[PDB]
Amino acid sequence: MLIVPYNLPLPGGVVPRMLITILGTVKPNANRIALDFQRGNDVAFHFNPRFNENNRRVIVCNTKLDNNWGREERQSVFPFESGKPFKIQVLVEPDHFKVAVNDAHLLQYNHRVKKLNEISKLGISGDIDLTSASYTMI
């Protein structure tokens, strides 16, 4: 049990083989979830499940540079459900973030921010009860 929004420091940034695990439960009638891997004010990787975007469920991924959002990468597959416990795993690979939800591969997101060792915070926010947030090296 953690306060949301939650800031998880990533000491010395991220690196290939680093696995980030987020456990929580989606609130009833959730509207959004967000993971924000930050390089200072920039958002290297924004992972944003939207539960009701024009009555559709979509996950939006993007990068924010100098306060400007870039080109979104949208995904049809939506493994989250209001009310239900989830696990998000984000594995840093040399050329993308690889995301699995509930042990099923979901998406990958190519590195736009290439100073991986400066991506030194993860913000976790949105309509969840957050159980734990941690990392390990595989």
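The first residue of the shown sequence is 1; numbering continues from there.
Got a sec? Mean C-alpha B-factor, which is higher, 108 to 116 or 72 to 80? Of 108 to 116 and 72 to 80, the stretch with the higher C-alpha B-factor average is 72 to 80.
Looking at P85, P28, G40, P49, which one carries the largest C-alpha B-factor according to the PDB entry? Each of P85, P28, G40, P49 was compared by C-alpha B-factor; the highest is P28.
Comparing against every modelled residue in the chain, figure out the third that the C-alpha B-factor of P9 lands in (lowest, middle or highest). Tercile = middle for this residue's CA B-factor.
For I59, does the deposited CA B-factor place it in the lowest, middle or highest third of the chain? Ranked within chain, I59 CA B lands in the highest tercile.
In terms of the chain's CA B-factor thirds, is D36 lowest, middle or highest? Lowest third.
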